[PDB]
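Trainee: Here it is, the structure, as C-alpha cells.
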Amino acid sequence: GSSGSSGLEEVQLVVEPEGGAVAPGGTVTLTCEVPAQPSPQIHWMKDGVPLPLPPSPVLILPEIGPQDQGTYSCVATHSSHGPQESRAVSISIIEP
C-alpha cells in the first residue's frame, strides 16, 4: 500500500476475467502483449518468485484451485526500456 501516490505504467497487463477471479477449477489467461512492443520480453512472477515456465505473451492457467490462488505480474524488459512490472493480479476463487 501507500499514503496515496499516483503513477502510470506503460505495460497494460490483461487478465481473464478482468476482475481477476474464477471458480475452483476454471481457466485464466494472462495476456501481457505490449501495444508498443510486438514481441517484448514477457515474464511471469508469483509472490515475488520466478515460476518454472517459458516466457510468452500468453500464459493460461487451466484447472485453477485453492493452491493456484495468489498474485501474478508481468515484467517487460527490452531495449530503450527498464524493469517495468505491470500491476499485480491477485487470482482468487469466487463463491457463486
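Chain labels A, B, ... are given in the sequence in which chains occur in the C-alpha cells; within each chain residues are numbered consecutively from 1, and ligands are likewise numbered from 1 in the order shown.
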Find the residues near residue A:58: any atom within 8 Å, counting only C-alpha atoms, skip ones fewer than 6 places away on the same chain, and give them as a PyMOL selection string.
Mentor: chain A and resi 29-33
Trainee: Excluding same-chain residues fewer than 2 positions from residue A:11, what lies within 9 Å of it counting only C-alpha atoms, as a list in words?
Mentor: residues 9, 13, 32, 33, 34, 35, 74, 75, 76, 84, 85, 86 and 87 of chain A
Trainee: List every residue of stretch 45-91 of chain A that DSSP, applied to the backbone, labels as strand (DSSP E), and write the result as number ranges by chain.
Mentor: A: 45-46, 58-62, 70-73, 75-76, 84-85, 89-91
Trainee: So that I can see what lies close to residue A:44, please list as a PyMOL selection string the residues with an atom at most 8 Å from it, counting only C-alpha atoms and leaving out residues fewer than 6 positions away in the same chain.
Mentor: chain A and resi 50-51+55+72-75
Trainee: With N, CA, C and O atoms retained, export the selected residues as a CSV table (one decimal), in the first residue's frame.
Mentor:
chain,number,residue,atom,x,y,z
A,50,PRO,N,10.1,-16.2,-9.6
A,50,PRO,CA,10.0,-16.7,-11.0
A,50,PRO,C,9.5,-18.1,-11.1
A,50,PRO,O,10.2,-19.1,-10.6
A,51,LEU,N,8.4,-18.3,-11.7
A,51,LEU,CA,7.8,-19.6,-11.9
A,51,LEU,C,8.5,-20.3,-13.0
A,51,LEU,O,8.9,-19.8,-14.1
A,55,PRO,N,8.8,-17.9,-21.1
A,55,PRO,CA,8.3,-16.6,-21.2
A,55,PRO,C,7.5,-16.4,-22.5
A,55,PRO,O,8.0,-16.6,-23.6
A,72,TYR,N,-0.1,-12.7,-9.5
A,72,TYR,CA,0.8,-12.7,-10.7
A,72,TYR,C,1.1,-11.3,-11.2
A,72,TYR,O,0.5,-10.4,-10.8
A,73,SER,N,2.1,-11.2,-12.0
A,73,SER,CA,2.6,-10.0,-12.6
A,73,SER,C,3.5,-10.2,-13.8
A,73,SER,O,4.4,-11.0,-13.7
A,74,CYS,N,3.4,-9.4,-14.8
A,74,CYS,CA,4.2,-9.5,-16.0
A,74,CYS,C,5.2,-8.3,-16.0
A,74,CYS,O,4.9,-7.2,-15.8
A,75,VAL,N,6.5,-8.7,-16.3
A,75,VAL,CA,7.5,-7.7,-16.3
A,75,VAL,C,8.1,-7.6,-17.7
A,75,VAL,O,8.5,-8.6,-18.3
Trainee: Near residue A:92, within 9 Å and counting only C-alpha atoms, which residues show up once chain neighbours fewer than 6 positions away are dropped, as a PyMOL selection string?
Mentor: chain A and resi 20-24+65-66+68-71
Trainee: Export N, CA, C and O atoms of the chosen residues as a compact mmCIF listing (two decimals), in the first residue's frame?
Mentor:
# COMPACT_ATOMS: atom_id res chain seq x y z
N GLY A 20 -10.16 -10.74 -12.28
CA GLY A 20 -9.03 -11.46 -11.73
C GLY A 20 -9.44 -12.56 -10.78
O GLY A 20 -8.76 -12.83 -9.80
N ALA A 21 -10.57 -13.20 -11.07
CA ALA A 21 -11.08 -14.28 -10.24
C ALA A 21 -11.82 -15.32 -11.07
O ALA A 21 -12.36 -15.01 -12.13
N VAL A 22 -11.86 -16.55 -10.58
CA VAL A 22 -12.54 -17.64 -11.28
C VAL A 22 -12.92 -18.75 -10.31
O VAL A 22 -12.36 -18.87 -9.23
N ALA A 23 -13.89 -19.57 -10.72
CA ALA A 23 -14.35 -20.68 -9.89
C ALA A 23 -13.24 -21.70 -9.67
O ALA A 23 -12.25 -21.73 -10.40
N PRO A 24 -13.41 -22.55 -8.65
CA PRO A 24 -12.43 -23.58 -8.31
C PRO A 24 -12.38 -24.69 -9.35
O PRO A 24 -13.01 -25.74 -9.19
N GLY A 65 -7.40 -23.62 -8.71
CA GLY A 65 -7.99 -24.01 -7.44
C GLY A 65 -7.50 -23.16 -6.28
O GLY A 65 -7.13 -22.00 -6.45
N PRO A 66 -7.49 -23.75 -5.08
CA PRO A 66 -7.04 -23.05 -3.87
C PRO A 66 -5.54 -22.80 -3.86
O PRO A 66 -5.07 -21.76 -3.41
N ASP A 68 -3.74 -22.48 -6.52
CA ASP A 68 -3.46 -21.55 -7.60
C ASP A 68 -3.56 -20.10 -7.12
O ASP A 68 -2.84 -19.23 -7.59
N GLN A 69 -4.47 -19.86 -6.18
CA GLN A 69 -4.67 -18.53 -5.63
C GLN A 69 -3.34 -17.85 -5.34
O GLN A 69 -2.41 -18.49 -4.84
N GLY A 70 -3.25 -16.56 -5.64
CA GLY A 70 -2.02 -15.82 -5.40
C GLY A 70 -2.01 -14.48 -6.10
O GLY A 70 -3.05 -13.85 -6.28
N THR A 71 -0.82 -14.03 -6.49
CA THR A 71 -0.67 -12.75 -7.17
C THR A 71 0.37 -12.83 -8.28
O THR A 71 1.56 -13.03 -8.02
Trainee: Could you please determine the separation between atom CA of residue A:14 and atom CA of residue A:28 in Å, to one decimal place?
Mentor: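 Separation between atom CA of residue A:14 and atom CA of residue A:28: 10.6 Å.
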Trainee: Which residue out of A:15, A:88, A:61, A:93 has the minimum interatomic distance to residue A:46 when only C-alpha atoms are used?
Mentor: A:88
Trainee: Just the residues within 12 Å of residue A:36, please, counting only C-alpha atoms, with nothing from its chain fewer than 5 positions along; format it as JSON, numbers by chain.
Mentor: {"A": [10, 11, 12, 76, 78, 80, 81]}
Trainee: Have a look at atom CA of residue A:95 and atom CA of residue A:62 and let me know their distance in Å, one decimal.
Mentor: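 Taking atom CA of residue A:95 as the start and atom CA of residue A:62 as the end point, the length is 17.9 Å.
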